[PDB]
Every structure is written in C-alpha cells, then in structure tokens.
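Asks: Sharing a structure, written as structure tokens. Questions coming.
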Amino acid sequence: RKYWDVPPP
Amino acid sequence: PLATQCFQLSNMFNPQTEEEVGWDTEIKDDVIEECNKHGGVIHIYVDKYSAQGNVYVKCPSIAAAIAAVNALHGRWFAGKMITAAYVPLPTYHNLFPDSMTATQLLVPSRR
C-alpha cells in the first residue's frame, strides 16, 4: 500500500 | 492563522470514487502512521460525506500539531495535493465533544 508522496500518473 | 492542537486535512480522497470496503479505516491508518513521525494523534475523524476529502485530527499538544501541519501541508497523497489547516479548539470541540478529554495516543488498526 503506497499513497503518501505518490505524484500524479 | 493561529496554531492549535487541531487541524483538518483536505483532498485526501473523493468519497464518490471510493468503492473498497473499509477505505476510511485505511485512510485513518495512513494518517496515524504518518503523524507518529511528529508527535502522534489523540483523535481522528475521516469525513465520509464531504466531496473535499476531509480528515480531522487532534494532536496531544500544540507543538505536535505544528510539526504535523508543517510536514503534511503540500504533500502528494495518491496523486493529489493535500492541504492542512488549523482548526480553532472551540470549533473542533463543537464538532467532536468527545475529543475534549481524549488523552491516549491512537494506534493504527492494520499492521
């Protein structure tokens, strides 16, 4: 699960 | 804006596009885990209804809230930019009266 610091596509 | 123990995060999700069961519990755990790098959390509420994707948070101290707001504001979360803003203590307590006497640090549900 990774959501923090994930930039847009 | 004057610093308090309480803040609101926005743009964390869009309730219309959240299908997976217990998604709000996973958001809560995402926020608790991240705030453990600062000074932890004593109350959190994931707003499942507002289109803005709001999370309310109370830290054990003003210092812990300042560290959390400064580190969370302007971060990317799931491809979107999140905002963190202070909430005055009486506004927060009107919304969430049980947070007035919260003292215990919260632990995420998942491992």
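We label chains A, B, ... in the order they appear in the structure tokens, count residues from 1 in each chain, and number ligands from 1 in the order shown.
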Set the distance at 6 Å and use only C-alpha atoms: which residues neighbour residue 6 in chain A once local chain neighbours fewer than 2 positions away are removed? I'd like the list as a compact mmCIF listing (two decimals) with N, CA and C atoms, in the first residue's frame.

Replies:
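Generated output (result33.txt):
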# COMPACT_ATOMS: atom_id res chain seq x y z
N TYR A 3 0.50 5.44 -0.73
CA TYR A 3 -0.25 6.64 -1.10
C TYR A 3 0.45 7.94 -0.77
N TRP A 4 1.15 8.03 0.38
CA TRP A 4 1.99 9.20 0.69
C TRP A 4 3.11 9.45 -0.39
N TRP B 76 1.97 15.32 -1.69
CA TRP B 76 1.16 14.46 -2.54
C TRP B 76 0.61 13.30 -1.71
N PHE B 77 -0.66 12.96 -1.92
CA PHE B 77 -1.26 11.76 -1.39
C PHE B 77 -2.13 11.14 -2.48
N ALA B 78 -1.79 9.93 -2.90
CA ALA B 78 -2.49 9.26 -4.02
C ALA B 78 -2.68 10.13 -5.26
N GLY B 79 -1.62 10.81 -5.68
CA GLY B 79 -1.66 11.61 -6.89
C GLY B 79 -2.35 12.97 -6.81

Asks: Can you check which residues of chain B DSSP gives as helix (DSSP H, G or I) on the backbone and send them as a VMD selection string?

Replies: chain B and resid 15 to 17 23 to 35 62 to 72 89 to 95 97 to 100

Asks: Could you name the residues that touch residue 59 in chain B at 6 Å or less, counting only C-alpha atoms, but leaving out those on the same chain fewer than 6 positions away, as a PyMOL selection string?

Replies: chain B and resi 5+41-42+65

Asks: For range 26-39 of chain B, find every residue with an atom within 9 Å (counting only C-alpha atoms), except residues of its own chain fewer than 2 positions away, and show them as a ChimeraX atom specification.

Replies: /A:3-4 /B:12-13,22-24,41,44-46,55,57,59-61,63-68,71-72,106-110

Asks: Neighbouring residues of residue 48 in chain B were defined as those with any atom within 9 Å, considering only C-alpha atoms; residues of the same chain fewer than 6 positions away were excluded. Please report them as a list in words.

Replies: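 Listing them by chain and then by number gives residues 14, 15, 24 and 54 of chain B.
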
Asks: Considering only C-alpha atoms, state which residue in the set B:3, B:81, B:50, B:8 is at the smallest distance from chain A.

Replies: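 So, comparing all the options, the nearest one is B:81.
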
Asks: Could you write out, as a list in words, all the residues of chain B that DSSP marks as strand (DSSP E)?

Replies: residues 6, 7, 8, 9, 10, 43, 44, 45, 46, 55, 56, 57, 58, 76, 77, 80, 81, 83, 84, 85 and 86 of chain B

Asks: Next, write the just-selected residues to a file, as an mmCIF file, in the first residue's frame, keeping C-alpha atoms as the atom set.

Replies:
data_model
loop_
_atom_site.group_PDB
_atom_site.id
_atom_site.type_symbol
_atom_site.label_atom_id
_atom_site.label_comp_id
_atom_site.auth_asym_id
_atom_site.auth_seq_id
_atom_site.Cartn_x
_atom_site.Cartn_y
_atom_site.Cartn_z
ATOM 1 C CA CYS B 6 -6.275 20.552 15.928
ATOM 2 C CA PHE B 7 -6.194 20.534 12.162
ATOM 3 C CA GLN B 8 -8.025 19.474 9.079
ATOM 4 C CA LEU B 9 -6.518 17.723 6.094
ATOM 5 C CA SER B 10 -8.252 18.126 2.714
ATOM 6 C CA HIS B 43 -8.425 11.916 17.875
ATOM 7 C CA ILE B 44 -9.140 11.493 14.205
ATOM 8 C CA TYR B 45 -12.244 11.582 12.097
ATOM 9 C CA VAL B 46 -12.467 10.704 8.390
ATOM 10 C CA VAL B 55 -9.782 14.389 7.739
ATOM 11 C CA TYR B 56 -9.993 15.981 11.206
ATOM 12 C CA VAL B 57 -7.101 15.485 13.594
ATOM 13 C CA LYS B 58 -6.274 16.403 17.188
ATOM 14 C CA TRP B 76 1.161 14.461 -2.537
ATOM 15 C CA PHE B 77 -1.258 11.758 -1.385
ATOM 16 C CA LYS B 80 -3.315 14.759 -5.428
ATOM 17 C CA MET B 81 -2.006 17.679 -3.348
ATOM 18 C CA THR B 83 -3.862 20.870 2.332
ATOM 19 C CA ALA B 84 -3.536 21.037 6.155
ATOM 20 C CA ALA B 85 -5.159 23.888 8.077
ATOM 21 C CA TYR B 86 -5.539 24.629 11.807
#

Asks: Work out how far apart CA of residue 87 in chain B and CA of residue 4 in chain B are and give it in Å to one decimal.

Replies: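 CA of residue 4 in chain B lies 6.8 Å from CA of residue 87 in chain B.
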